[PDB]
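# Chain and residue survey
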Amino acid sequence: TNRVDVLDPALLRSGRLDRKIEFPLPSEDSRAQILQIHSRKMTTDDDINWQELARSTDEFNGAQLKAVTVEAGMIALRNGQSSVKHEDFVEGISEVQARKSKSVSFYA
Amino acid sequence: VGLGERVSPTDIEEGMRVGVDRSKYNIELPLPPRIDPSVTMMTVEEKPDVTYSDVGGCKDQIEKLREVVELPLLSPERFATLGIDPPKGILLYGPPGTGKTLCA
Amino acid sequence: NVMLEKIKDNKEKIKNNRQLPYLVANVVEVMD
Ligand SMILES: Nc1ncnc2c1ncn2[C@@H]1O[C@H](COP(=O)(O)OP(=O)(O)NP(=O)(O)O)[C@@H](O)[C@H]1O
Ligand SMILES: [Mg+2]
C-alpha cells in the first residue's frame, strides 16, 4: 500500500506488521537489468544498447520501463523490419512520456 | 436429484434447464439450456459491405486497428521473426456515435 | 453369524430414507 503517510497511525506500529520495508527507486543499474529481461522475449540484437537506454530513462518505475519495450515492438512491426532497432526504443520512450512526441516549434 | 430417464450425464450440462417430477423430484427430460437459442440469431449481423470509403475521415485509431487485425492474419511469419506476441485482442472505447462499430 | 444378520436388516431401512431426492438444509448450530 502505496505510502505510509496515507495509512492511519494505530496500525503502523513497529513490531505489529514486523519490518517495514521501503522500496528505493531504480538507480541506473537496476534499470539496465529491468529492460534486459523484458527484451529477452522479443528478438535480441546488438543494435540495441541497453546501457544507453538506462541513461535516457530517469525517474521511471519497473512498469514504465516495461511499457517502453512493448511500444518498441509495435513501431518495428509498423516499419516492417524483421528485427527491432535501437532507434525504435528511443521513440517508445517519448510515447510512454506524458508529453507529446518531438514536433516543430509553435509556442516555445 | 440424480440422473435422467436413461440420458447420459454428459448431456445434462451445467446451467441446462431440466424438467423434474412434481413431487418425486427427479430428472426426466432435458429442456433447452435457457432461451439463448433463436433470440441470439436475430442479433447476429454477417460481414456488412461497410468499407473505409463510407467512413468519414481516417485517424490514428484506424491505423492502430490495422496492425492488430490485418498483419498477423496475412503473414504470421513476421510476428514470429520479431519474436513479439501477435496482437489479436483489442478494446475499443470512447463517446458513443463516434463510429466505433463502423470501423470494426 | 446371528449378530451380523441383525445389522443387515437395520441397514436396509436406512437405505430407503437415503434414496434420492431429499431435502437439503443447513444446520444453524448444534446445541448438544
Ligand atoms: N466516420 C463515419 N462515416 C460515416 N458516418 C459516420 C461516421 N462516423 C459516424 N457516423 C455515423 O454516426 C453513427 C453512430 O456511430 P455508430 O457506429 O452507430 O456507434 P459507436 O460509436 O460504436 N457507439 P456505442 O457502442 O453505442 O457507444 C454511425 O452509424 C453513422 O451513422
Ligand atoms: Mg458500438
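Residues numbered from 1 in each chain as written, not as in the entry; some residues may be left out. Chains lettered and ligands numbered in written order. Part of a larger assembly, values for the part shown. Heavy atoms only, no water.

Per the deposited record, the coordinates in this entry were obtained by cryo-EM to a resolution of 7.8 Å.

### A closer look at the nonpolar core
Note the following rule: Within this scheme, the nonpolar core is defined by two criteria: the residues are buried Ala, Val, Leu, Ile, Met, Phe, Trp, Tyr or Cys, and they are joined through side-chain atoms within 4.5 Å. Exposed residues in this analysis have more than 50% of their type's maximum accessible area, buried residues have under 20%, and partly exposed residues fall in between, with area computed by a 1.4 Å probe over protein chains only. A run of H or I in DSSP becomes a helix once it reaches four residues, and a run of E becomes a strand once it reaches two; helices and strands are each numbered from the N terminus. Contact criterion: two residues are considered in contact whenever any of their non-hydrogen atoms come within 4.5 Å of each other.
Within the largest apolar cluster, 17 residues are counted, with the highest numbers of intra-cluster contacts made by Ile 48, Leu 53, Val 84 and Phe 89 of chain A together with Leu 82 and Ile 84 of chain B. Put simply, the parts of the chain that give this core at least two residues each are α2 (50-56), α3 (62-79) and α4 (86-96) of chain A together with α3 (77-82) of chain B. Of the residues forming this core, the biggest block, five residues, is contributed by α3 of chain A. Setting aside residues no more than four positions away along its own chain, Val 84 of chain A makes contact with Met 42, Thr 43, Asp 45, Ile 48, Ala 72, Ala 76 and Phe 89 of chain A together with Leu 82 of chain B.

### Details of the site of ligand 1
All names here are of chain B. Note the following rule: It suffices for a single heavy atom of a residue to lie within 4 Å of a molecule or strand for the residue to be listed as near it. Pairs of N or O atoms are called polar contacts if they sit within 3.5 Å, as long as, within protein, a hydrogen donor faces a hydrogen acceptor (for residues adjacent in sequence, only side-chain-to-side-chain pairs). Note that accessible areas follow from Shrake-Rupley with a 1.4 Å probe, and for residues the cover is restricted to the protein chains shown. Three classes are used: nonpolar for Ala, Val, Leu, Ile, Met, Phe, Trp, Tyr, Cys and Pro, charged for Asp, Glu, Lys and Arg, and polar for all others, with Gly counted as polar.
Around ligand 1, the structure places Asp 54, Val 55, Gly 56, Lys 59, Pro 96, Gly 97, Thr 98, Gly 99, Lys 100, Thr 101 and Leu 102. At a separation of 3.0 Å, an oxygen atom of ligand 1 approaches a polar backbone atom of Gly 97. Measuring from an oxygen atom of ligand 1, one finds a backbone N or O atom of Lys 100 at 3.3 Å. Contact with the protein chains removes 53% of the 650 Å² of surface that ligand 1 exposes when unbound. Of the residues assigned to the shell around ligand 1, the class counts are three nonpolar, five polar and three charged.

### Considerations on the pairing of strand β2 (residues 27-30) of chain B
Residue and element names in this part refer to chain B. So the rule is basically this: Note on pairing: DSSP must find at least two bridges between two strands before they are called paired.
Bridge count for strand β1 (residues 18-20) against β2 is two bridges, and the pairing is antiparallel. The residue bridging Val 20 from the neighbouring strand is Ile 27, located in β2. Counted along the chain from β1 to the antiparallel partner β2, the turn is six residues long, and its residue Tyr 25 has a positive phi close to 30°.

### Structural notes on the environment of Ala 108 of chain A
Counting through the fold element by element, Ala 108 of chain A comes out in the segment after α4. Taking the C-alpha atoms as reference, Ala 108 of chain A lies 38 Å from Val 6 of chain A; in sequence the two are 102 residues apart.

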